[PDB]
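Notes follow the structure.
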Amino acid sequence: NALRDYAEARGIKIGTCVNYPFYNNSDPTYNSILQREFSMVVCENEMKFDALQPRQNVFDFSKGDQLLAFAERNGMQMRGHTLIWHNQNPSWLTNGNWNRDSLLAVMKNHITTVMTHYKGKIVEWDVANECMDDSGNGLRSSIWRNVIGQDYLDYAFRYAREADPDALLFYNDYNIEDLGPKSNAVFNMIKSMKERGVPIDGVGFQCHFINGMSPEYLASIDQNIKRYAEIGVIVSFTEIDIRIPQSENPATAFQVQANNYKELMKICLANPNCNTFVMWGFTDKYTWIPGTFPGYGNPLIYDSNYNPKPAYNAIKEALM
């Protein structure tokens with residue numbers, strides 16, 4: 001009767017990022033729900049560049065190996081998040097003296113060392129994360145973009161494919177789910193990469209949405225998934241959360257949130273190239289939402305006291 005049982009029956013993996021209390025065992029209830037309801041896990045912060053390579057050529061696999069061991073004894077798959085990003089880079093990198101050639105070497109060593117340590121054990125990898133400018137006009141300026149040049153992502157994907165040829169490689173971003181300018185910029189980027197022989201398998205829709213999604217908005221996400229299928233690309237929902245304005249009445253806002261979660265799951269079930277449904281946490285107790293969007297909160301399927309919210313049953317109903 002767990003969410004993972006109904007999901008498995010439908011050929012969908014349902015997952016969540018794992019928050020910090022998991023590691024130090026400070027929240028037993030958190031761990032008991034985690035091992036019971038989900039079939040997929042992702043590291044919230046422990047596999048980012050600064051965590052994995054804190055000093056030049058020094059790799060810390062402790063937390064990632066601890067999560068993988070837990071996943072394996074619980075019959076769960078794991079997503080790798082994330083190799084190349086403009087945020088959370090260690091000081092030795094951001095303050096170093098680089099040129100195109102020396103930075104490409106650092107990129108290749110990071111990608112190869114991390115992926116070979118987990119070779120064949122991680123099914124989907126977010127190779128690159130949030131690299132498109134919010135305007136949709138082109139790539140965002142970052143240490144990788146500015147130093148290497150406009151083709152830096154072609155190298156990241158090639159290096160990744162060489163490191164683990166069995167891993168599905170993803171480009172992950174936010175505000176690319178509909179048919180707006182940023183979404184169109186990412187689709188054309190991925191379509192072009194494939195036409196030039198760059199190995200890219202999927203696109204990760206972060207799904208950081210606001211409560212009260214309209215049917216037309218939801219309809220545009222479905223059409224966007226279909227155009228990716230036409231170019232042979234798979235889609236994963238990677239960091240789903242549905243934020244609620246602090247001022248909305250909780251009781252009725254939770255009902256709207258439940259319907260939005262239900263509709264998202266129906267879109268996943270209707271598209272053969274979209275079979276991964278990962279939420280950015282599962283209890284309102286632990287969430288990055290308030291810090292990035294002050295005034296918003298309660299974005300998940302269990303409340304702060306671990307009582308399932310209407311959204312939990314709504315997802316279970318869509319799966320049935």
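Position 1 is the first residue of the sequence; numbering continues from there. Basis for what follows: all heavy atoms, side chains included, without hydrogens, waters or symmetry-related copies.
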Exercise for the section: Report yes if the side chains of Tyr152 and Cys131 come closer than 4.5 Å at any heavy-atom pair, otherwise no. Expected result: yes
Handout entry: ILVMFWY network linking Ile315 to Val41, side-chain heavy atoms under 4.5 angstrom
Key = yes
Fill in the blank from the handout: Closest non-hydrogen atoms of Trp125 and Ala167, given as atom of the first, atom of the second and distance, are CD1-CB, 3.7 Å
Exercise for the section: Using a strict 4.0 Å threshold on nitrogen-to-oxygen distance, state whether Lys182 and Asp133 make a salt bridge. Expected result: no
Problem - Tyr155 atom OH, neighbour heavy-atom count above 12 within 6.0 Å - result: no
Practice task
Inspect the contact between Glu230 and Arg227 and indicate whether a charged nitrogen and a carboxylate oxygen are less than 4.0 angstrom apart.
Solution key: no
Practice task
Determine, step by step, whether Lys108 and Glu162 satisfy the salt bridge (charged side-chain N to carboxylate O under 4.0 Å, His left out) criterion, reporting the C-alpha distance in whole Å, the side-chain angles of both residues, the deciding distance to 0.1 Å, and the verdict.
Solution key: CA-CA 10 Å; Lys108 189 183 165 65; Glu162 281 161 20; 3.3 Å; yes
Handout entry: Heavy atoms of other groups near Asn57 CG, more than 12 under 6.0 Å
Key = yes
Problem - Contacts of type ring pair (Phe, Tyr, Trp, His ring centres under 6.0 Å), residue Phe157, not counting sequence neighbours - result: none
Handout entry: Side chain proximity check, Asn298 to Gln246, heavy atoms < 4.5 angstrom
Key = yes
Practice task
Give the minimum heavy-atom separation between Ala318 and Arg10, together with the two atoms involved.
Solution key: O-NH1, 3.7 Å
Completion exercise
CE (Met279) and OG1 (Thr238) are apart, to the nearest 0.5 Å, by 12.5 Å
Exercise for the section: Take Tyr23 and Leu67 through the side-chain contact (heavy atoms from CB on, under 4.5 Å) test and state the conclusion after the steps. Expected result: CA-CA 8 Å; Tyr23 299 97; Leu67 184 59; 3.8 Å; yes
Practice task
For residues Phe61 and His117, establish whether the separation of their ring centroids is below 6.0 Å.
Solution key: yes
Exercise for the section: Answer yes when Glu124 and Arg79 have at least one side-chain N-carboxylate O distance shorter than 4.0 Å, and no when they do not. Expected result: yes
Exercise for the section: Using a 4.5 Å cut-off on heavy atoms from C-beta on, say whether the side chain of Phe205 contacts that of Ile225. Expected result: yes
Handout entry: Spacing of CD belonging to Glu8 relative to CG belonging to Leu319, to within rounding of 0.5 Å
Key = 10.5 Å
Completion exercise
In terms of heavy-atom contacts, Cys268 and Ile12 come closest through SG-CD1, 3.8 Å
Handout entry: Charged N-O contact under 4.0 Å between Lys121 and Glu72
Key = no
Practice task
Rounded to the nearest 0.5 Å, what's the gap from CD on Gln35 to CG on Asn74? Could you check?
Solution key: 5.5 Å
Handout entry: Side-chain heavy atoms of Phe277 within contact of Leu3, under 4.5 Å
Key = no
Handout entry: Presence of salt bridge, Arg140 and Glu130, under 4.0 angstrom
Key = no
Fill in the blank from the handout: In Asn129, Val127, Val42, the residue satisfying side-chain contact (heavy atoms from CB on, under 4.5 Å) with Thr82 is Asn129
Problem - Min side-chain heavy-atom separation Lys48-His81 under 4.5 Å - result: yes
Problem - Residue that, paired with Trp280, satisfies side-chain contact (heavy atoms from CB on, under 4.5 Å) out of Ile240, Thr287, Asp241 - result: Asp241
Handout entry: Validation row: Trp85, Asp126 side chains within 4.5 angstrom (heavy atoms)
Key = no
Problem - Min side-chain heavy-atom separation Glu177-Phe237 under 4.5 Å - result: no
Exercise for the section: With the side chain counted from C-beta on, respond yes when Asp50 and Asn45 share a heavy-atom pair under 4.5 Å apart, and no when they do not. Expected result: no
Exercise for the section: State whether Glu195 and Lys191 are salt-bridged, where the test is any N-O pair (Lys NZ or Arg NE/NH1/NH2 against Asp/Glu carboxylate O) under 4.0 Å. Expected result: yes
Handout entry: Distance-minimising heavy-atom pair for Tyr312 and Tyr302
Key = CE1-OH, 3.3 Å
Problem - Hphob cluster co-occupancy, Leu168 + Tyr118, side-chain heavy atoms under 4.5 angstrom - result: no
Problem - Heavy-atom closest contact (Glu46 atom, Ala51 atom, distance) - result: O-CB, 3.7 Å
Handout entry: From CG (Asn313) to NZ (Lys316), nearest 0.5 Å
Key = 7.0 Å
Practice task
Give a yes or no on whether a salt bridge exists between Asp284 and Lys309, defined as a side-chain N under 4.0 angstrom from a carboxylate O.
Solution key: yes
Handout entry: Which residues share a ring pair (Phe, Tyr, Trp, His ring centres under 6.0 Å) with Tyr286, sequence neighbours left out
Key = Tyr30
Problem - Salt-bridge contact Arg55-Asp60 (side-chain N to carboxylate O under 4.0 Å) - result: no
Exercise for the section: State whether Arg196 and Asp151 are salt-bridged, where the test is any N-O pair (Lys NZ or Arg NE/NH1/NH2 against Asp/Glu carboxylate O) under 4.0 Å. Expected result: no
Exercise for the section: Identify whether NZ of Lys or CZ of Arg in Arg243 sits under 6.0 Å from the centre of the six-membered ring of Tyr296 and within 45° of that ring's axis. Expected result: yes
Problem - Shared hydrophobic cluster for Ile143 and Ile148 (ILVMFWY, side-chain gaps under 4.5 Å) - result: yes
